[PDB]
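Colleague: This is the structure I want to talk about, given as structure tokens.
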Amino acid sequence: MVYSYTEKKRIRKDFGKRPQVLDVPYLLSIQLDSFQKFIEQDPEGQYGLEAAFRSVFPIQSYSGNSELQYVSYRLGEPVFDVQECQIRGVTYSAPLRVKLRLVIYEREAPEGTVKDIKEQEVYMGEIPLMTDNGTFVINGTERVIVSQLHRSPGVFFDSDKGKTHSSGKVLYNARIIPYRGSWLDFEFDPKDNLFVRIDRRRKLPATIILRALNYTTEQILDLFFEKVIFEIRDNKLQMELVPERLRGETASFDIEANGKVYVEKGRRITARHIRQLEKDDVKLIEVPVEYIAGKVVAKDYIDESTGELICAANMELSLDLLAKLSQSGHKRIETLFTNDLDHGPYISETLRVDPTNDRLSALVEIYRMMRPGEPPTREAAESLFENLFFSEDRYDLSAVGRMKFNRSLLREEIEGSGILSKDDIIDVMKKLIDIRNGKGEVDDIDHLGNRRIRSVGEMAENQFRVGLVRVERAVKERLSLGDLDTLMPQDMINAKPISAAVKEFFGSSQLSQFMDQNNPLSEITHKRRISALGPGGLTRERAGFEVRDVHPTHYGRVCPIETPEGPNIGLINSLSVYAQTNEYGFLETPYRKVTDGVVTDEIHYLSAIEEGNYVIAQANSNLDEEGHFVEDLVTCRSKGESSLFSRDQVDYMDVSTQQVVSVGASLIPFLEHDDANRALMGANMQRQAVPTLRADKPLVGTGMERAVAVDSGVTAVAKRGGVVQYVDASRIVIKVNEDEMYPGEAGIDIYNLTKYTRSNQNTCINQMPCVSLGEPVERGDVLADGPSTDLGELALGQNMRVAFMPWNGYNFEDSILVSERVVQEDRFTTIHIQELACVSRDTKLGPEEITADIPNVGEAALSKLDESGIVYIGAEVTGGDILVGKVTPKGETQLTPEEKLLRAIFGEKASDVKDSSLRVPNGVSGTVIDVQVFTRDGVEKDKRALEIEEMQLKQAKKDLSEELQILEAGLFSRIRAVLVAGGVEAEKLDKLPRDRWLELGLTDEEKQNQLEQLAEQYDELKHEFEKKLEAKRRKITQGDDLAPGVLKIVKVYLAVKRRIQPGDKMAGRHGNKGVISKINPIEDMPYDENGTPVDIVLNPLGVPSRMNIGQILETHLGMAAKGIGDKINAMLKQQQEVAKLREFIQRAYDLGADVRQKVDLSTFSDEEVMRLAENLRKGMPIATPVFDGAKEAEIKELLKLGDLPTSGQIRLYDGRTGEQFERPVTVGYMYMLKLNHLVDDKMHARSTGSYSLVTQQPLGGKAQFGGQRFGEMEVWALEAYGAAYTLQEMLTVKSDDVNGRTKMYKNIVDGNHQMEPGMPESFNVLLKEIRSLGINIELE
Amino acid sequence: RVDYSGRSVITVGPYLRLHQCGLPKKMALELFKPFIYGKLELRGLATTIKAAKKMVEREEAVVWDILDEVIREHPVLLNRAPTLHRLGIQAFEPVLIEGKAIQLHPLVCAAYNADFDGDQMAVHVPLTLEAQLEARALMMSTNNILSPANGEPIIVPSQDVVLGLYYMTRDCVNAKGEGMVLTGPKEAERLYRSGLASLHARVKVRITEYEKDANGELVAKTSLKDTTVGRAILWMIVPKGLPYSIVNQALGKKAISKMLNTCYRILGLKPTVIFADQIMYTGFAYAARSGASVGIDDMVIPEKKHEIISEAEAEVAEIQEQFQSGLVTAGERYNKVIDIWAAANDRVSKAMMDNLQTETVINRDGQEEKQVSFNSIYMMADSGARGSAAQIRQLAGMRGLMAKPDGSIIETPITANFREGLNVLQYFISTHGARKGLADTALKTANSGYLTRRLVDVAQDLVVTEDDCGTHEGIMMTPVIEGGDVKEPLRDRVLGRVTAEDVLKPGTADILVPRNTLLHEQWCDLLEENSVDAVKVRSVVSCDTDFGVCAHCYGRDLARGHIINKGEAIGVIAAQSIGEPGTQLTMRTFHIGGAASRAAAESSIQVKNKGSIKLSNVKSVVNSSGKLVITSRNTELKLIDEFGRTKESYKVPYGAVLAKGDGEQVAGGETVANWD
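Protein chains in written order, with the entry's author numbering: chain C, 1 to 1340; chain D, 346 to 1021.
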């Protein structure tokens, strides 16, 4: 196929011989999938709103004979649009419908029902939706929830050996963690007794809680233990033989088995004497009496003669007790094994130490342990034991609870009961007794097989379920109040719990947050993030050791490279490109199947548990056409390591080498060359790059960003593409082809481009058309580019000329040196859009009118402001100028009746003293974008917003009127087509309407049917179009919901052009980011043999120093790319024919060995790529894969083909002195980065400013005041320099002393130079606070 | 929150003076408004304060001239926010530069520790007499050079100064120019004209010498020495008396900082101070003229790497074969394999170096003799501008092995150079251990800060009032003499300390009771009659002063010249700030600073200098086998030379069997006893 319509403009040259069979997924499918499964209707009852409604429902009061059955729910359409709602700045949520049905049962009468209750839907809460890009719209914010990672529910096997306990031995423990409710754990102590800890409470013995499970000691020893066999007939003392049950013996006498001695007295206990009686078949044997006293009794045997309780179970036997038991006529005797080799004497110390032998006293004791304040009344002990242990509501084992419970339980069926089971917890106690016995394997805490990610679906299901229970309580009170309630689900269900749970959840949460938007990159990699923060998964606020480490399970799913290099490290992760989430929350990664010796084309997704046992080959390997591997021993991995394995030991394949990296670090080329640390730093620096004016696609790249830019939702794509009709910067429309269309409604697809708009990062966003007109568009083609995007290809930075050189010491360490040429080329210039809102109103003194006067200010600002309205759009605001005038009532009336009706108050009318004006803060100057102000209902006499309220009506009327003309024009042309042969007239119909008078009469049928029809759908489309136009205009003029604490809201957008700056900062793809020392003239830049001064000058010492390899191959390969583009550009300077250049272009594509499917000239050869030569005339789009990237052989081969010297070094002359520098010099072209670190934003100079009423210290930075801060380190720095002055007057004169500032500024006059030492007022805040303290100190 | 702050970001001015500020025009006149109002007042260009405010708000061009009149001698003090030691705040003389940033002296940047990665900057304005003039007579960057932590003057002429002076001073066989008869001004005509390379071997140009041995007068001299043209260029930097290309040139390495120290040893004011930056001007000047570069051809991959990796892989294959047979345990097999990959990595490093010097050749005439290597990697490694043999070992040779979670060396080594494609799992373990390194280096800052909190909280108590109270108590000064080689000489410890008695040599004469110990007297007693390494010297800890400390008893030194005065914090803040850089970063895995469990005397007792090894505080016990054992528990084993000075002395524990107890001799690296 290789159609490549949308990529025909720029075909990025790809390298490497490793094909990708599985294409890059939409990659947002975790949030999109979680959302589409969060709102769904299914009969199976999948997790979501249906699972919550089925969980709580039916809602029945206690002894009320009334139930509430769920009709489930259906979602409606929101009141606003996506982009329009974001512009309005109101939360975006759809109402919920399909209320639950009620029921009524007759009291004292079984099955009696008065009537069935089916009620109409009731409004409950508001359910927000998600944009196609994965965001959430609340109050005009981005509101994305970070993915969560924590422990998956199931039986845990933990080591938990304390290093601070000093014991030096491992203490095993196991804890079952349900999805909700209390936690149940077991705890060892050196006494070797199983203990139980529930919700941090003190650990009780196993015998008291298991006794609370109503199991007698006979069932304890007979259940958890084997009673073996003991038989006594006339004191024959015959017992069964268990030669394979123990290794050992102690023999003080001979023991004969079936007429032959198995082990002689004093004979060896070795396996020679063991297997003799073991391999042979032996039956019960008779041995003397002395062997009973050593054994421990198992079952409970009492004397048959009298009724005493002697010889109770779990007790030691005495020599004199044998005579009392054996002579009592007991039928059989059960004795405990109790020999420690592979086992241990568990539960014994629990039975002995446990005070409560019965379930009742056990429930009373666990109740007293649960509640310290109230003594147990024994009445509620059963409900506390059941609801605390095994119950439907308080368990919530969910899916992974029973899945992992049966997996570790070694069960068969996956589905199980959602509550605790006695045999299940007994199995946990038995297998845990095996863990204490030494057999079995523990589980790793950091192993992701025990971890499951949680998303918006499960989290919003949890909070929404909690709110639904909060509703179930009050509704239970309402149904329990009355005996019979007709039409109950009306006023009984309140929306405040739902709207508070979902609106408080998505509104305020640790995971839910707005994003800082720099390029689509930071938006998508900020959209996909793994967080151990929030509920669960957070061990401590700081430090930690094994939690922050990297497990082998971090290979193919989470990216170890991308990471929060700041205070918390190793917590936030990034999923793989091909990673996916399983049904239980587990993470699966692709592996290609291999059958016999050939590699089949099917790929299966495997989690950590499944891929742990299987062996998978290394990412890079040799492949043959027959499917077999070239090398016999192929590098493969099984568990926690990798080694060469045979061709028969490889189960699966890794496909691409990019599975271990993420979208953030995957766009950094030559990863295998560059060091992982500096690649981590660069990947951390990729997200802060601000978009610039002109986006130039990176000439060195990957080819993943092609899918990232289109899959990021930032660019404007096209649905059902076709022949483009009209284009514009505001709007783009396309005529859809007739290949695939809907039969109804006809019409064409229209698009509204977003203009310059403020982001959360105060950046500039917009989309620009990539097509001219009349160009065919396919499905999925990007029409317009977002910020920092060029032709659907992501470029967040700008290339520029590069030379490696020390220059006159102006480049030191990481310092950067920028030419004035790029300064003159407008490159790196960006727009910063800050928003200014003046909103007050709300006064009991009367309303506040906007503008119309500026009190106590001359006409200077009145020239900028309109008489009845605000300032002109796109004006110059400098300093403290008033952008939007606002007044206040203030004193209003007074004596001299409001100054004689505002006579002495001049023309304000308020009276005087209105401070409500906006008054733009100092230091911020720029041009305003648009004033959105506010829109309210029933508001009149507002000159502001009139132009935009009219502009919206003209816009919707324009673009809707286009479709109206397409419809009415189409049907009118259909009339002109049907009137043929029925009395047609070209000269008449081509100069008049009606169509000869509604197709005349013709043959009767066409008259009434065709004419009456034409009028029917004509007036139907006209009247319907006008009705929908009025319905839309009503939505335009109705406005939104304003905050009740204000009458009118005013908000304005302003923009500033900020370009390359001397201090600034710059960053590389490989992690070098530094400040610019000085911007040098063009004349001072060294030039080549052609006299081309160099744009940038960096420090080559940082390559060995900071271990940055990829900069050499970056600059050199870039010099090759711009060598191709430079030679082709020279061909355009010579005006060569297409074919002569076409040969060099084709050679440029296919040079090297394979490593691409692209073929030049394939399609017509005279267009497309032919014009793409004029597209790439500036530079060549060369791409390298992450680990598959280019090699120095092909790099020097291409660069040598570009006529450039193969060594990548050109003889250079000084731009200053003109003399030649000794030795060749490395030059090239690399991709650079402009950040938000510019020193207009970072640097603020301040002298004197506002202070605070607390201690008289100023607030701090960003207030245009304060001296920043010199902390205790600077206090000890002045004590270190030995200056008493600077420190003493430092802490005192500036803040704690007014006398120092007054006398200081007074001494500035004539320069007395003295500064008052003063008495610190902050020290008077210490003396003050101490005076508030009960010990008050006063000076003498 | 202080006052009067620009809060700028550092830029690097190479030019102007070591102490001066590329204060910008934008940061200017914002904080200088009071001086501008008073300036227009006293000068009289304005009328009233409000009129001057109008003149400033209108941004007139006349305000810039008087603004310059104020700025030139009105200093600005500078500090980085994470401040550690006393030199963090320094006073410079500002001059306007167009821009939004501040151009800062890079040699001072190393003193601030600040980096150009974009760390913020706090810029404060001093107030009038005490601040401006106190920072003028005290806190200036040239007025404070010596650091009261290491004690040596702290200057970092690294990076393109080390590389530039390395390329400046060096020789080459053949090339062009041969020898030259011109001597003093050969750089102008010879270098700037044609035909003379920046460096040429075998040049007969004479160099004039100056002798300062005369009292208050310099004695000139001249003679013909063989020196390269670049060395003749470097000689023009300092007109004063020097070794004249012997110690004053060398290879263009840290020995340039050594000759900077010897030049600063005499008259630490003066053209010793001023024009010493000409080393920097020529350093970045002719370093930029050199234009060193790094590329694919720069690095060299040894061909022995394949044979070493293959041989080590075969040996380890035999090891895992023996483990498959059951003859070798898993532990000894693991540690053994670790040993083979470690020694093999060392082999790849050594062959890497061999191909770093002798593989690089230059073709001239027959080309068989070749010449010294011009490779930039070798210039950085040998010169010392940046990089290290370990980092280069990762560039070409093996990268080493570490595991953050396990803490042990992994059994899957990295066989791929950076130029070669790395394996996916190799990048996995590398980013693992690198993330661990980021966690540790990020963790050490807070712990070091807290350590400075405790130490500085203790150090506040020093008044340092009385001068000399005449105390007789002083510490006996003896060298550390630990291990095979002595760690530090006793001359550095006894240098610059008051001496009660301190008789060098066998008690002949040496120092008197009331004599101060300077560098000349202490160096004379250290060089002449060095057989006595123990001298009693007064210390700060022992002072007869009731309140405060005695400066004469503590010592004489500071950031400024010697003979310190009272009222100084001295070791309080100087030591509290001295301990900050030590704990700021751990050494390797931090187990180095810990007990290594392996020592010289612990394994095999060795001697430093050839001499008689004796046991101090011990009872010699001869045995029947002929060996010698110590009867007591705690003993001493020292190596005494013919002069009597102690070379190497280690405590001899009980149970050590030695071949010769006493009466014999020992050479360098001799092992008397060996105990497991």
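From the three backbone atoms N, C-alpha and C, an ideal C-beta is built for every residue, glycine too.
Closest to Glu913 (chain D) by C-alpha separation, out of D:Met725, D:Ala632, D:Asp812 and D:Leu864, would be which residue?
Modeller: Taking the first residue of the second sequence as position 1, residue 913 (chain D) is located at position 568. For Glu913 (chain D), the nearest C-alpha among the options comes from D:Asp812.
Colleague: Rounded to the nearest angstrom, what separates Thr1115 (chain C) and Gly1228 (chain C) at their Cα positions?
Modeller: Translated into the one-based positions of the first sequence, residue 1115 (chain C) becomes position 1115. Translated into the one-based positions of the first sequence, residue 1228 (chain C) becomes position 1228. Each residue's Cα considered, the two are about 4 Å apart.
Colleague: Under the DSSP definition of a beta bridge, which residues are partnered with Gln465 (chain D)?
Modeller: Working through the second sequence from its first residue, we reach residue 465 (chain D) at position 120. DSSP lists D:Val354 as partners of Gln465 (chain D).
Colleague: Looking only at its chain, what residues have a beta carbon closer than 7 Å to the beta carbon of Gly181 (chain C), apart from the 5 residues adjacent to it on each side?
Modeller: Start at 1 with the first residue of the first sequence, and residue 181 (chain C) comes out as number 181. Closer than 7 Å at Cβ, skipping near neighbours: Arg394, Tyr395 and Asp396.
Colleague: Just to confirm my understanding: we take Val963 (chain D), look at its own chain, exclude 5 residues before and 5 after, and list those with CB closer than 6 Å. What are they?
Modeller: Translated into positions along the second sequence, residue 963 (chain D) becomes position 618. Excluding positions up to five away in sequence, the list reads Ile975, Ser977 and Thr980.
Colleague: Per DSSP, which one or two residues make a beta bridge with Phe645 (chain C)?
Modeller: Here the question's residue 645 (chain C) lines up with position 645 in the first sequence. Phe645 (chain C) pairs with C:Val634.
Colleague: Confirm, please, whether the CB-CB distance from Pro489 (chain C) to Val122 (chain C) is below 8 Å.
Modeller: Locating residue 122 (chain C) in the first sequence gives position 122, where the first residue counts as 1. Locating residue 489 (chain C) in the first sequence gives position 489, where the first residue counts as 1. Their beta carbons are under 8 Å apart, which means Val122 (chain C) touches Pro489 (chain C) by this criterion.
Colleague: Report buried or exposed for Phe892 (chain D), applying the criterion of at least 16 other Cβ atoms within 10 angstroms of its Cβ.
Modeller: Stepping through the second sequence from its first residue, residue 892 (chain D) is reached at position 547. With fewer than 16 Cβ atoms within 10 Å of its Cβ, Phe892 (chain D) is classed as exposed.
Colleague: Please look up how many angstroms separate the CB atoms of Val103 (chain C) and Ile117 (chain C), rounded, as I've assumed it's under 8 Å.
Modeller: Taking the first sequence and counting its residues from 1, one reaches residue 103 (chain C) at position 103. Taking the first sequence and counting its residues from 1, one reaches residue 117 (chain C) at position 117. Right, their Cβ atoms sit about 6 Å apart.
Colleague: Using the three-state DSSP reduction, which class does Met724 (chain D) fall into: helix, strand or coil?
Modeller: Here residue 724 (chain D) is taken as the residue at index 379 of the second sequence, counted from 1. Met724 (chain D) falls in the helix class under three-state DSSP.
Colleague: Just to confirm, are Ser1322 (chain C) and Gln1257 (chain C) a CB contact at a threshold of 8 Å?
Modeller: Along the first sequence, one-based indexing puts residue 1322 (chain C) at 1322. Along the first sequence, one-based indexing puts residue 1257 (chain C) at 1257. Yes, the Cβ-Cβ distance between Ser1322 (chain C) and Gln1257 (chain C) is below 8 Å.
Colleague: From the DSSP output, in three-state form, read off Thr350 (chain C) for me.
Modeller: Start at 1 with the first residue of the first sequence, and residue 350 (chain C) comes out as number 350. Correct three-state label for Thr350 (chain C): helix.
Colleague: Residues of chain D with CB closer than 9 Å to the CB of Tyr578 (chain C), please, in chain order.
Modeller: The count along the first sequence starts at 1 and reaches residue 578 (chain C) at position 578. None at all; the shortest Cβ gap to chain D is about 14 Å.
Colleague: Counting only the same chain and skipping the five closest in sequence on each side, list residues whose C-beta sits under 7 Å from that of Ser350 (chain D).
Modeller: Position 5 of the second sequence, counted from the start, is the residue given in the question as residue 350 (chain D). Cβ neighbours of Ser350 (chain D) beyond the five flanking positions: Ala467, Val468 and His469.
Colleague: List the residues of chain D whose Cβ lies closer than 9 Å to the Cβ of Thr1248 (chain C), in chain order.
Modeller: As a position in the first sequence, residue 1248 (chain C) is number 1248, starting the count at 1. Result: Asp348 and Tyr349.
Colleague: When you compare the CB positions of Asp889 (chain D) and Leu960 (chain D), do they come within less than 8 Å of one another, or not?
Modeller: If you number the second sequence from 1, residue 889 (chain D) lands on position 544. If you number the second sequence from 1, residue 960 (chain D) lands on position 615. No, the Cβ-Cβ distance between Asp889 (chain D) and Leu960 (chain D) is not below 8 Å.
Colleague: In chain B, which residues lie less than 9 Å from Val354 (chain D) when you measure between Cβ atoms?
Modeller: Among the protein chains of the structure shown, namely C and D, there is no chain B.
Colleague: How far does the alpha helix (DSSP H) with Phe506 (chain C) in it reach, from first residue to last?
Modeller: Here the question's residue 506 (chain C) lines up with position 506 in the first sequence. Unbroken alpha helix (DSSP H) run through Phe506 (chain C): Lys496 to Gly507.
Colleague: Whether or not the stretch 468-484 of chain C and the stretch 151-170 of chain C are in contact is what I'm after, with contact meaning three or more pairs of Cβ atoms, one per stretch, closer than 8 Å; do they touch?
Modeller: no
Colleague: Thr1226 (chain C) lies in the beta strand (DSSP E); which residues open and close that run?
Modeller: By one-based count along the first sequence, residue 1226 (chain C) stands at place 1226. Where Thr1226 (chain C) is concerned, the enclosing beta strand (DSSP E) stretches over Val1225 to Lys1234.
Colleague: At a Cβ threshold of 8 Å, is residue 1380 (chain C) touching chain D?
Modeller: Nothing can be reported for residue 1380 (chain C), as the shown portion of chain C is limited to 1 through 1340.
Colleague: Would you say the beta carbon of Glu1274 (chain C) comes nearer than 7 Å to a heavy atom of the ligand MG?
Modeller: The ligand MG is absent from the structure shown, which contains no ligands of any kind.
Colleague: Between which two residues does the beta strand (DSSP E) containing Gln951 (chain D) stretch?
Modeller: On the second sequence, position 606 is the one that residue 951 (chain D) refers to. Boundaries of the beta strand (DSSP E) harbouring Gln951 (chain D): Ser949 to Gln951, taken from the DSSP string.
Colleague: Against chain D, with Cβ distances strictly below 8 Å, would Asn684 (chain C) count as a contact?
Modeller: Position 684 of the first sequence holds residue 684 (chain C). No, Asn684 (chain C) does not count as interfacial toward chain D.
Colleague: What three-state label does DSSP hand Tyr47 (chain C) in the structure shown?
Modeller: Position 47 of the first sequence holds residue 47 (chain C). Coil at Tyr47 (chain C), not helix or strand.
Colleague: DSSP has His273 (chain C) in a bridge; who is on the other side?
Modeller: One-based indexing of the first sequence puts residue 273 (chain C) at position 273. In the DSSP output, where bridge partners are listed per residue, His273 (chain C) has none listed.
Colleague: Residues in its own chain within less than 8 Å of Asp648 (chain C) by CB, not counting five upstream and five downstream?
Modeller: Within the first sequence, the letter at position 648 stands for residue 648 (chain C). Around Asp648 (chain C): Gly597.
Colleague: Anything in chain C within Cβ reach of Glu913 (chain D), meaning under 8 Å, just list it in chain order.
Modeller: For the purposes of this step, residue 913 (chain D) is taken as the residue at position 568 of the second sequence. In chain order: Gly1282.
Colleague: Pull up the distance between the alpha-carbon of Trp409 (chain D) and that of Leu575 (chain C), whole angstroms please.
Modeller: As a first step, residue 409 (chain D) is located in the second sequence; it is residue number 64 there, counting from the start. As a first step, residue 575 (chain C) is located in the first sequence; it is residue number 575 there, counting from the start. The alpha-carbon atoms of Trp409 (chain D) and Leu575 (chain C) are separated by roughly 57 Å.
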